[PDB]
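Here's the structure, in structure tokens; my notes come after.
Heads up, the Cβs are rebuilt from the backbone with ideal geometry, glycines too, and the neighbour counts pull from every protein chain shown. Bear in mind these aren't lab numbers, they're just calculated from the coordinates by the rules spelled out.
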RNA sequence: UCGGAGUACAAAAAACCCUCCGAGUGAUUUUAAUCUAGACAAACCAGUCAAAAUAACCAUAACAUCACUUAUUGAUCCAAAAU
RNA sequence: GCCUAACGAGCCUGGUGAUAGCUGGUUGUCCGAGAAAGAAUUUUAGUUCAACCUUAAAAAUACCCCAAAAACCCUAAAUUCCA
RNA sequence: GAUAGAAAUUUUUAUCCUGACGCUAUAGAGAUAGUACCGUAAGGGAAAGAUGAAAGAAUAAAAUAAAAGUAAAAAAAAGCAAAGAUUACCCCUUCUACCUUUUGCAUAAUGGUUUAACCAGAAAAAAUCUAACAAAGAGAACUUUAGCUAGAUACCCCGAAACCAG
Ligand SMILES: [Mg+2]
Ligand SMILES: [Mg+2]
Ligand SMILES: [Mg+2]
Ligand SMILES: [Mg+2]
Ligand SMILES: [Mg+2]
Ligand SMILES: [Mg+2]
Ligand SMILES: [Mg+2]
Ligand SMILES: [Mg+2]
Ligand SMILES: [Mg+2]
Ligand SMILES: [Mg+2]
Ligand SMILES: [Mg+2]
Ligand SMILES: [Mg+2]
Ligand SMILES: [Mg+2]
Ligand SMILES: [Mg+2]
Ligand SMILES: [Mg+2]
Ligand SMILES: [Mg+2]
Ligand SMILES: [Mg+2]
Ligand SMILES: [Mg+2]
Ligand SMILES: [Mg+2]
Ligand SMILES: [Mg+2]
Ligand SMILES: [Mg+2]
Ligand SMILES: [Mg+2]
Ligand SMILES: [Mg+2]
Ligand SMILES: [Mg+2]
Ligand SMILES: [Mg+2]
Ligand SMILES: [Mg+2]
Ligand SMILES: [Mg+2]
Ligand SMILES: [Mg+2]
Ligand SMILES: [Mg+2]
Ligand SMILES: [Mg+2]
Ligand SMILES: [Mg+2]
Ligand SMILES: [Mg+2]
Ligand SMILES: [Mg+2]
Ligand SMILES: [Mg+2]
Ligand SMILES: [Mg+2]
Ligand SMILES: [Mg+2]
Ligand SMILES: [Mg+2]
Ligand SMILES: [Mg+2]
Ligand SMILES: [Mg+2]
Ligand SMILES: [Mg+2]
Ligand SMILES: [Mg+2]
Ligand SMILES: [Mg+2]
Ligand SMILES: [Mg+2]
């Protein structure tokens, strides 16, 4: 039978080189995910279709942001072949309430707070 | 699909002719008339249909009961066959059961 | 109520012959197989030219139903109300006319701006003054009618309503009687305690 | 369909808007009924809007004919010689307004 | 059988019922029928409240 | 009350007018014509979608020609024009190629330059050189 | 009053030309024409159902039907012959008196209850009359002379406490019919029939003073009547010393339908006269 | 079921229903268990009891029996001495 | 038609003119009541458990047992019995 | 075999609009949602129940679900159940 | 079982106001006719009309010239016949007729030369929706622990071999 699939935890123990490679900090995990749906749910099992629905990933090539907490990481782990995950970065820091209109999200995965001054 | 080539004579109906102007006059005869005559009495028509209504089966059944013995042969026979057909149809055929 | 007035009287005599009532064609027009053509029973089937009608109207048909009393009463009340609110109701005394010339009536309605058509309601049939009967018998748009003949359809057909004064006293009572009334035990034509 | 019908190249009449812009709508003719219900919208339009419209567009003549008709029409007529017919039958005041604007532009 | 501004009656009814449900009760006003209609069974309390107002 | 369809004429005409220019009996007989017209419309919308691909392929062919003239293949020309932050869709590029042969030779020159710059930078193996045309501007 | 009226001045005449049925009143019917409702037209595909022939209602497809595998048991057994007593609570009786539909002044029997439309009897359904139930006992303050065809101890007590009188009387089906709708009976042009007796089953009910039966021995009445007052703990009033007492003692003959009329008379309602038989045989028959 | 009778043009009742079921006024139907008189020596005491019960029919059956039965059988009955009068109304049903 | 094992590897369910065993009852005495919360199972019909409470008995005394225990069975109507 | 060009039983009319779980057919436009089979059945060319689904309507939790938990010789992918 | 189905007992007010939300030549009667014609017989059973006030106005005068079929005018590489288009008809490019039936049809599975005219979803128990009045409602007969009354929403067409009577 084709079934769901366990994914042994050894997969998710990162090697020391990986930090260098994908550009994460060995010390501090990132706070937020940018998830994008790269592939299609057609031809995939219903349970993956549902996960993709409940992550707000319905529409392709649209970014969506999620907490980096384990509860979410479980679902992302299930559908990880359908998606692209990139850590959200805040060079200018979090937006205040004056900056809400001017926010924009750049493809390198970083959120710029002041967009197009004069 | 050819359509007539000439304008028909325009038919003028005057709405104020007697029958149209007086229409539905005594319909309230019961209420205003201290009930004596029910509006049924105003119905002109076949004896079995005055102040009564029903689907075709009920209609035929009733016609036969009332005027059946005054009917012509061919018409009575036709009426019977009609009844048998309607009986069979309504009772044994349909979608909804 | 207008719809009720229109339909409840109606009896359609329209009939069409089912394949059973057409004149002939008890026999199979040709043999079921081998002839090379389409198969048929009677030549009177609804497919065939002279044949019977598949559904079509059936028999004299009655459309008859009764709007419940209190509704038809409400109907009359509303018709009067609306005639009044729109300025087209005129309570008249009398009905005594100075003369039997209908032209008098026409020009009278022209002087008071009464509109094209007028419905004149009087208390009883025999008690109608003769001048009015004369005048209104030769008129198309003016219509004289007894109180028991008042109805929604006629009131909406004529632009202006003209009520005699005793007529108002009559209608008022007859119509109001229903707000306070019990449901009938047996028909109201029979003896009741207070009721005629 | 494209092979079914005629076609034309994109053009302007008299190189409009090159030197100066000339509103191409020349005249506008309404026909409605005072009595008939179908013309109801058209009547309201004649009351409220037409007047104002005529001031907004000084260069188009507007003829209004009450006549006994069942189907209110508006006939646009252009400098180009072109005549375009339209039916305002059974429409709002708003819809007629929009339509007349289309005709104007 | 409501003759008058029904909207007033709607105001008063939902203001009367609100402290009961913690929330404004759902309503339908039929202005032509002269009728008010309320989600839930409030019949007893409404009879009492209309009595108090002397109708 | 028997009701027949009186206006059947016009019902038919609204189909047949689309069929006039067909060959054969399709342009007359309502049966054949109805079918053919329906196929015509379907074919038409599908083609409405296709038309865009056709035109884009046309343009790419034309640009390919015009570039090959200057000794530059198509992919090279196009991506090295992108790497200059010159964004000109293919429609416009083809039109330049036909009606503005000079400006197009300029563009081709630009691209060839930028490409040579890229090779020079990949071969050089250092961060220091930035080719003049390889510099990346940000919005102001 | 109706501010709507004030708008009606502004608008054109209400005429036959503009009339709209209330929206939602007519759900428009749909016909099997067109792409949606055509081509098999809601009937499905082949089989017995598209052809219209699916079997009768209870038929399960040949397995022994549900409604026939269950065993027969008398439930509705002899139902047409059971006696049916339309209940009347003290609550409704009180509410009826309070609004002055029935008046407590004159004696209350079935006809009075019917005429107030406090109750409805249909003899055709084997209604044998009204039965009195105790629903409003605690709240019941009225003083009445009442006659019903059955009553419960608690109901009776509840009426006694207020100084009234209850009596249980029997009517046969024909009798009952006449009693509920008298005026249609008087247009019938027939004499007033004798009231039949109870059948053997109901005799022990109507012979007991327990039930204040109309056939009971009045010697027992005050005794049982007092027994009630012992049981429910209230002082039994002396009905004798009341001013309305003459009305309170009023009975019917066991053979008599109405109050003050007699078996065999004939009511001519157009002349407002009664007609009585002078014959010996007739008078022997009707008075037996 | 006959939907339109011949003589009266009305809708007949299927008596076979009236003999084995009982309709309360709430709309619940009540029936005996099947085989409750059959082969008793061969059965457990417990099972015997389970059989002796009066039980209720599920919705589907209830609608079926209603369709097979005319309006008369659904009227509110007041019988003297009736065992089942207690059960005709429904109480505290939150739905 | 009914049951046990495999097929169906670990909750349930799960087919074949698939692989294998069985059942259409004996033997015995502990002769195994009434009533009812709550559940299992289930298209329906049928099937299953079961506390408390009564009554029986030591005087605060309710599972018939064994044979792989699981299967040893049959609806309505209708007939015979009379409780 | 023959009985008026078709005789395993003539022809015609009537019963007759015979009856077909079988084949064929079933007529304007546009929009909202949308279905592959568990059970019985002289039943497997059909029905009637479930499960899904549609249209309204009332509600409150619904999927997803980490530990902990589910058998006795050996036994995998995995299930069940749940914050 | 499918189905069949009473009665006792109840109700019923005159005469005039007659016509048509019936058809208009494939409809409505089969009907111009039970004739022609077909059968030995019983029996079956058609189709068909259109000028005008006047044709005692035919060198005749007057308003459609619109179905398929043809003619005016045969064809010119290449392909479900069109569509995108195009200065340009073709030439280029892209699309495996339509119904039905099916697990699945371009299918070499079914049906249709074409045109016109005819030719097929019907019922109100429960329900929903709208409204009357409401512990009652219904113009008698019933139903009622918010109900009752009214309206509106619904269920096809052609076809056997047979069987029976005369
Ligand atoms: Mg025939
Ligand atoms: Mg025959
Ligand atoms: Mg052939
Ligand atoms: Mg036949
Ligand atoms: Mg005909
Ligand atoms: Mg697009
Ligand atoms: Mg329909
Ligand atoms: Mg369809
Ligand atoms: Mg079609
Ligand atoms: Mg089909
Ligand atoms: Mg099938
Ligand atoms: Mg009753
Ligand atoms: Mg379960
Ligand atoms: Mg115990
Ligand atoms: Mg022969
Ligand atoms: Mg058939
Ligand atoms: Mg079959
Ligand atoms: Mg699907
Ligand atoms: Mg069998
Ligand atoms: Mg189902
Ligand atoms: Mg777990
Ligand atoms: Mg949970
Ligand atoms: Mg049978
Ligand atoms: Mg003819
Ligand atoms: Mg003919
Ligand atoms: Mg032609
Ligand atoms: Mg080609
Ligand atoms: Mg096949
Ligand atoms: Mg299928
Ligand atoms: Mg294919
Ligand atoms: Mg093939
Ligand atoms: Mg071929
Ligand atoms: Mg094939
Ligand atoms: Mg073949
Ligand atoms: Mg083919
Ligand atoms: Mg076939
Ligand atoms: Mg075939
Ligand atoms: Mg076909
Ligand atoms: Mg063919
Ligand atoms: Mg109904
Ligand atoms: Mg439908
Ligand atoms: Mg036989
Ligand atoms: Mg047979």
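Go through segment D:5-34 and count every residue that is surrounded by 10 or more Cβ atoms within 10 Å (Cβ to Cβ) and more than 25 Å from residue D:80 (Cα to Cα).
Residues in segment D:5-34 being surrounded by 10 or more Cβ atoms within 10 Å (Cβ to Cβ) and more than 25 Å from residue D:80 (Cα to Cα): 2 in total.
Looking only at segment C:47-73, filter to residues that are surrounded by fewer than 18 Cβ atoms within 10 Å (Cβ to Cβ) and touching a strand residue (DSSP E or B) at 6+ places or on another chain (Cβ under 9 Å); which one of those is nearest to the other protein chains (Cβ to nearest Cβ)?
Top of the filtered list is C:60.
Among the numbered criteria (1) within 12 Å of chain B (Cβ to nearest Cβ); (2) exposed (fewer than 14 other Cβ atoms within 10 Å of the Cβ); (3) closer than 27 Å to residue G:2 by Cα, which single criterion is violated by residue C:124?
For residue C:124, the exception is condition (3).
Is at least one residue of segment C:44-58 assigned to a loop (DSSP other than H, G, I, E, B), touching a residue at least 40 places away in the same chain (Cβ under 8 Å) and in contact with a helix residue (DSSP H, G or I) (Cβ under 9 Å, 6 or more places away or on another chain)? Spell out how you get there, then give the answer.
Within segment C:44-58, the first condition is being assigned to a loop (DSSP other than H, G, I, E, B), and the residues that meet it are C:44-58.
This time we only want the ones that are touching a residue at least 40 places away in the same chain (Cβ under 8 Å), so: C:56-58.
In the following step, the residues that additionally are in contact with a helix residue (DSSP H, G or I) (Cβ under 9 Å, 6 or more places away or on another chain) were identified as C:58.
For segment C:44-58, residues assigned to a loop (DSSP other than H, G, I, E, B), touching a residue at least 40 places away in the same chain (Cβ under 8 Å) and in contact with a helix residue (DSSP H, G or I) (Cβ under 9 Å, 6 or more places away or on another chain): present.
Please work out if residue G:264 is buried (at least 16 other Cβ atoms within 10 Å of the Cβ) and part of a loop (DSSP other than H, G, I, E, B). Spell out the reasoning first.
On the way: buried (at least 16 other Cβ atoms within 10 Å of the Cβ): yes; part of a loop (DSSP other than H, G, I, E, B): yes.
Answer is yes for this residue.
Of the residues G:46, G:40, only one is away from chain C (no Cβ under 11 Å), over 47 Å from the mean Cα position of the chain (by Cα) and exposed (fewer than 10 other Cβ atoms within 10 Å of the Cβ); which? Full working, then the answer.
Details: G:40 fails: exposed (fewer than 10 other Cβ atoms within 10 Å of the Cβ).
Of G:46, G:40, the one residue that is away from chain C (no Cβ under 11 Å), over 47 Å from the mean Cα position of the chain (by Cα) and exposed (fewer than 10 other Cβ atoms within 10 Å of the Cβ) is G:46.
Any chance you could count how many residues in segment C:74-85 are crowded, with 18+ Cβ neighbours inside 10 Å, without any contact (Cβ under 8 Å) to a residue 12 or more places away in the chain and closer than 15 Å to residue C:118 by Cα?
Result for segment C:74-85: 0.
Mind listing whichever residues of segment G:22-37 are within 30 Å of residue E:33 (Cβ to Cβ) and either within 16 Å of ligand 5 (Cβ to nearest atom) or surrounded by 10 or more Cβ atoms within 10 Å (Cβ to Cβ) (or both)? Steps first, please.
First, the residues of segment G:22-37 that are within 30 Å of residue E:33 (Cβ to Cβ): G:22-30.
Selection gives G:30 alone.
Which count do you get for residues in segment A:62-74 that are in contact with a strand residue (DSSP E or B) (Cβ under 9 Å, 6 or more places away or on another chain) and free of Cβ contacts under 8 Å to residues at least 40 places away in the same chain? Walk me through it before giving the result.
The initial filter retains those residues of segment A:62-74 that are in contact with a strand residue (DSSP E or B) (Cβ under 9 Å, 6 or more places away or on another chain), namely A:62-68, A:72-73.
Still in the list and also free of Cβ contacts under 8 Å to residues at least 40 places away in the same chain: A:62, A:64-68, A:72-73.
Looking only at that region, the number is 8.
Would you please name the residue that is nearest to RNA strand J (Cβ to nearest atom), looking only at residues in segment G:36-73 that are over 20 Å from residue H:2 (Cα atoms) and in contact with a helix residue (DSSP H, G or I) (Cβ under 7 Å, 6 or more places away or on another chain)?
By that ranking, first place goes to G:70.
Which of the strands (runs of 3 or more DSSP E) found entirely inside segment H:1-86 contain at least 2 residues meeting this: facing another protein chain (nearest Cβ under 8 Å), surrounded by 12 or more Cβ atoms within 10 Å (Cβ to Cβ) and in contact (Cβ under 8 Å) with a residue 40 or more places away in the chain? Talk me through it step by step, then tell me what you get.
On the way: elements: H:21-23, H:29-32, H:54-56.
By residue number, H:21-23.
Residues G:95, G:85: which one is farther than 30 Å from residue C:88 by Cα and within 14 Å of chain H (Cβ to nearest Cβ)?
Details: G:95 fails: within 14 Å of chain H (Cβ to nearest Cβ).
Within the list G:95, G:85, the selection yields G:85.
Mind telling me which of the residues C:23, C:27 ends up being more than 16 Å from ligand 8 (Cβ to nearest atom), without any contact (Cβ under 8 Å) to a residue 24 or more places away in the chain and within 13 Å of chain B (Cβ to nearest Cβ)? Working first, answer last.
On the way: C:27 fails: within 13 Å of chain B (Cβ to nearest Cβ).
So the residue among C:23, C:27 that is more than 16 Å from ligand 8 (Cβ to nearest atom), without any contact (Cβ under 8 Å) to a residue 24 or more places away in the chain and within 13 Å of chain B (Cβ to nearest Cβ) is C:23.
What single numbered condition from (1) within 10 Å of the chain's Cα centre (by Cα); (2) over 29 Å from residue H:94 (Cβ atoms); (3) within 14 Å of another protein chain (Cβ to nearest Cβ) fails to hold for residue E:32?
Residue E:32 satisfies every listed condition except (1).
Any idea which of C:127, C:88 is within 19 Å of residue C:165 (Cβ to Cβ) and in contact (Cβ under 8 Å) with a residue 40 or more places away in the chain? Let's see the steps before the verdict.
Values: C:127 fails: in contact (Cβ under 8 Å) with a residue 40 or more places away in the chain.
The match here is C:88.
Of the residues A:41, A:96, which is in contact with a helix residue (DSSP H, G or I) (Cβ under 7 Å, 6 or more places away or on another chain) and assigned to a loop (DSSP other than H, G, I, E, B)?
Details: A:96 fails: in contact with a helix residue (DSSP H, G or I) (Cβ under 7 Å, 6 or more places away or on another chain).
Among A:41, A:96, only A:41 is in contact with a helix residue (DSSP H, G or I) (Cβ under 7 Å, 6 or more places away or on another chain) and assigned to a loop (DSSP other than H, G, I, E, B).
Can you find a residue that is away from RNA strand J (no atom under 16 Å from the Cβ) and touching a helix residue (DSSP H, G or I) at 6+ places or on another chain (Cβ under 8 Å) anywhere in segment H:43-53? I'd like the intermediate steps shown before the answer.
Going through segment H:43-53, the residues away from RNA strand J (no atom under 16 Å from the Cβ) turn out to be H:43-53.
Checking which are touching a helix residue (DSSP H, G or I) at 6+ places or on another chain (Cβ under 8 Å) leaves us with H:43.
So far as segment H:43-53 goes, yes, one or more of its residues are away from RNA strand J (no atom under 16 Å from the Cβ) and touching a helix residue (DSSP H, G or I) at 6+ places or on another chain (Cβ under 8 Å).
For the subset of segment G:172-201 comprising residues that are in contact with a strand residue (DSSP E or B) (Cβ under 7 Å, 6 or more places away or on another chain) and part of a helix (DSSP H, G or I), which member is nearest to residue G:150 (Cα to Cα)?
G:176
Just give me the residues in segment C:1-16 being within 9 Å of chain B (Cβ to nearest Cβ) and more than 30 Å from residue C:70 (Cβ to Cβ), in sequence order.
Hit for segment C:1-16 is C:13, nothing else.
Regarding residue G:73, is this residue crowded, with 19+ Cβ neighbours inside 10 Å, at negative phi and more than 16 Å from ligand 4 (Cβ to nearest atom)? Steps first, please.
Details: crowded, with 19+ Cβ neighbours inside 10 Å: no; at negative phi: yes; more than 16 Å from ligand 4 (Cβ to nearest atom): yes.
For residue G:73, the condition - crowded, with 19+ Cβ neighbours inside 10 Å, at negative phi and more than 16 Å from ligand 4 (Cβ to nearest atom) - is not met.
Test residue G:135 against the stated conditions and say whether it is more than 21 Å from residue G:180 (Cβ to Cβ), outside any helix (DSSP H, G or I) and more than 16 Å from RNA strand J (Cβ to nearest atom).
Working: more than 21 Å from residue G:180 (Cβ to Cβ): yes; outside any helix (DSSP H, G or I): yes; more than 16 Å from RNA strand J (Cβ to nearest atom): yes.
So residue G:135 fits the description; yes.
Residues are listed down the side, and each one gets a yes or a no for (1) surrounded by 10 or more Cβ atoms within 10 Å (Cβ to Cβ); (2) touching a residue at least 60 places away in the same chain (Cβ under 8 Å); (3) touching a helix residue (DSSP H, G or I) at 6+ places or on another chain (Cβ under 9 Å); (4) outside any loop (DSSP other than H, G, I, E, B):
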position	(1), (2), (3), (4)
E:9	yes, no, no, yes
E:13	yes, no, yes, yes
E:41	no, no, no, no
E:44	no, no, no, yes
E:54	no, no, no, no
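Matching residues to (1) assigned to a helix (DSSP H, G or I); (2) more than 16 Å from residue D:103 (Cβ to Cβ):
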position: D:2; (1), (2): no, yes
position: D:6; (1), (2): no, yes
position: D:10; (1), (2): no, yes
position: D:29; (1), (2): no, no
position: D:45; (1), (2): yes, no
position: D:49; (1), (2): yes, no
position: D:53; (1), (2): yes, no
